[PDB]
Amino acid sequence: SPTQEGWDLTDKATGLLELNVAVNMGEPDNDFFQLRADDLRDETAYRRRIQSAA
Amino acid sequence: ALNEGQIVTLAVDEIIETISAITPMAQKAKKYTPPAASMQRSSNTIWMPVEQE
């Protein structure tokens, strides 16, 4: 708020002002990979990749 | 005589069999299924011992 001095104060009334801040989002973050079905005979690398992605 | 509606019917159970399915050479061949997990890491190659002299 403003503060004002004196007795008269005539024609010197102020208004109200409240400011704002905006919160937004970003883009999604991804781990994205492709595997052929022959690569899933042993799936250990696939699981370890999931853990690395986390 | 009797002029009525006509139909065309297909035999549900009778299939004309053509092309023989003989595989004389493949039945004399041996079949091997190696462990797939190791096959994946071994470039789909496995080594077989030969009987030693």
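Methodologically, a virtual Cβ is constructed for each residue, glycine included, from the backbone with ideal geometry; neighbour enumeration extends over all protein chains shown. Here, each number is a calculation from the coordinates, and none is a lab measurement.
With respect to A:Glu27, is the statement that it is without any contact (Cβ under 8 Å) to a residue 60 or more places away in the chain and within 14 Å of chain B (Cβ to nearest Cβ) true? No: the conditions fail for A:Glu27. If you go through segment B:1-44 and pick out every residue that is of a type in the set (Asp, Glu) and under 23 Å from A:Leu40 (Cβ atoms), you end up with 0. Report yes if A:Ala37 is surrounded by 10 or more Cβ atoms within 10 Å (Cβ to Cβ) and either within 14 Å of chain B (Cβ to nearest Cβ) or on the phi > 0 side of the Ramachandran plot (or both), otherwise no. No. Comparison of B:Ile22, B:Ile46 shows that the only residue that is part of a loop (DSSP other than H, G, I, E, B), of a type in the set (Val, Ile, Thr) and surrounded by 10 or more Cβ atoms within 10 Å (Cβ to Cβ) is B:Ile46.
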